[PDB]
Amino acid sequence: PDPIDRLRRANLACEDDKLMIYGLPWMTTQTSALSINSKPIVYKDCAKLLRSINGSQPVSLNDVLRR
Amino acid sequence: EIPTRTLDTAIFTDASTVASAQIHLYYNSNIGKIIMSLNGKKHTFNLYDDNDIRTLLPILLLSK
């Protein structure tokens, strides 16, 4: 079994300046993305970083793994 | 050796600091961890640890 397979719906979103992760398996609410030093990511320009599948569609982990 | 992936991505090196980086990563299925090489430093992510997952996923999801 691959523990990454239940993460395949994960996608990023910006809630104002907070970078969030949607689509996680066991989670009721979206949770914050963390920096490499384990802090919640807060970024005024959050929306300019988000990647898309050539439409407003957000990139999911499934999309990344199948590239 | 375990095969690697190479990604061009953006990494939040602090809560509000982002930097472009190329990383090499691999998945060790015996221990359930992803190991990442970033500018000569090794980072380990336990895929059973939700805190580690919340750190790994933005790195993968901002990748080209």
Side-chain angles (χ1 to χ4, degrees):
Chain A
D2 200 327
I4 211 177
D5 284 330
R6 76 190 64 173
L7 306 174
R8 280 182 179 248
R9 287 183 334 209
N11 59 105
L12 300 175
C14 298
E15 294 181 1
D16 183 22
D17 61 352
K18 317 271 172 321
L19 185 62
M20 308 299 293
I21 304 168
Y22 296 177
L24 288 170
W26 50 257
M27 298 213 93
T28 280
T29 86
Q30 63 270 33
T31 190
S32 49
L34 299 173
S35 58
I36 199 76
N37 60 336
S38 306
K39 304 188 187 213
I41 289 167
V42 178
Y43 204 60
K44 158 169 186 76
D45 301 306
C46 184
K48 309 179 186 176
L49 296 182
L50 297 190
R51 316 282 299 192
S52 278
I53 313 129
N54 319 333
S56 299
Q57 197 77 272
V59 167
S60 71
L61 182 67
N62 191 51
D63 295 316
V64 176
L65 297 174
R66 290 183 180 272
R67 285 180 186 149
Chain B
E1 307 268 354
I2 299 183
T4 57
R5 298 294 311 274
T6 293
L7 301 179
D8 296 310
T9 188
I11 289 186
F12 278 90
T13 59
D14 204 350
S16 303
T17 299
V18 82
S20 310
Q22 186 172 268
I23 58 171
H24 312 298
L25 55 153
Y26 62 94
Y27 168 54
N28 193 327
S29 66
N30 179 235
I31 63 177
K33 300 196 185 178
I34 283 171
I35 289 81
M36 176 186 79
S37 178
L38 167 65
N39 308 318
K41 177 105 199 283
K42 187 164 91 72
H43 299 262
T44 58
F45 302 92
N46 170 14
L47 293 182
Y48 299 100
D49 183 318
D50 295 327
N51 289 63
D52 284 9
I53 290 173
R54 290 164 53 207
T55 309
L56 173 64
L57 281 176
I59 295 171
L60 306 181
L61 289 169
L62 293 184
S63 70
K64 295 34 177 181

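So you know, we letter chains A, B, ... as the sequences are listed, proteins then strands, and number each from 1. Atom set for the values below is all heavy atoms of this structure, side chains included, hydrogens, waters and symmetry mates excluded.
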Are [Y] and [X] linked, directly or through intermediate hydrophobic residues, by side-chain heavy-atom contacts shorter than 4.5 Å (ILVMFWY only)?
{"X": "B:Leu62", "Y": "A:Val42", "answer": "no"}
{"X": "A:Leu7", "Y": "A:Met20", "answer": "no"}
{"X": "A:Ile53", "Y": "A:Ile21", "answer": "yes"}
{"X": "B:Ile53", "Y": "A:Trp26", "answer": "yes"}

**Report entry** Any residue meeting side-chain hydrogen bond (donor to acceptor under 3.5 Å, both in side chains) with A:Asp63, in chain and number order, not counting sequence neighbours
**Finding:**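 Result, side-chain hydrogen bond (donor to acceptor under 3.5 Å, both in side chains) vs A:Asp63: A:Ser60.
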
For [Y], does its backbone N or O pair with a side-chain atom of [X] as donor and acceptor, under 3.5 Å?
{"X": "B:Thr17", "Y": "B:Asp14", "answer": "no"}
{"X": "A:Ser52", "Y": "A:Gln57", "answer": "yes"}
{"X": "B:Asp52", "Y": "B:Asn46", "answer": "yes"}

Going by atom type alone, with no hydrogens or angles, which donor-acceptor pairs under 3.5 Å involve a side-chain atom of residues 12-19 of chain A and a protein atom two or more places apart or on another chain?
{"residue": "A:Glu15", "atom": "OE2", "partner": "A:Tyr22", "partner atom": "OH", "Å": "2.7"}
{"residue": "A:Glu15", "atom": "OE2", "partner": "A:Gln30", "partner atom": "NE2", "Å": "2.6"}

Less than 3.5 Å apart, which donor and acceptor atoms pair up between the side chains of residues 19-35 of chain B and the rest of the protein, not counting sequence neighbours?
{"residue": "B:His24", "atom": "ND1", "partner": "B:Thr6", "partner atom": "OG1", "Å": "2.7"}
{"residue": "B:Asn28", "atom": "OD1", "partner": "B:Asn30", "partner atom": "N", "Å": "3.2"}

Query raised in the report: More than 12 non-hydrogen atoms from neighbouring residues, nucleotides or ligands closer than 6.0 Å to CZ on A:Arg66, yes or no?
Result: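 No.
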
**Report entry** Apart from A:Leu34 itself, residues in the same hydrophobic cluster as defined by side-chain heavy atoms under 4.5 Å
**Finding:** none

**Report entry** disulfide bond (SG atoms under 2.5 Å apart) contacts in which one or both residues fall within residues 21-64 of chain B, not counting sequence neighbours
**Finding:**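 Not a single pair qualifies under disulfide bond (SG atoms under 2.5 Å apart).
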
Requested in this report: With sequence neighbours excluded, tell me which residues meet side-chain contact (heavy atoms from CB on, under 4.5 Å) with B:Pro3.
Outcome: none

**Report entry** Euclidean distance, B:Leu7 CG relative to B:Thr9 OG1, rounded to 0.5 Å
**Finding:**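 B:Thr9 atom OG1 to B:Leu7 atom CG measures 6.5 Å (nearest 0.5 Å).
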
Query raised in the report: Once you round to the nearest 0.5 Å, how far does OG1 of A:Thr31 lie from CG of B:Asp50?
Result: 8.5 Å

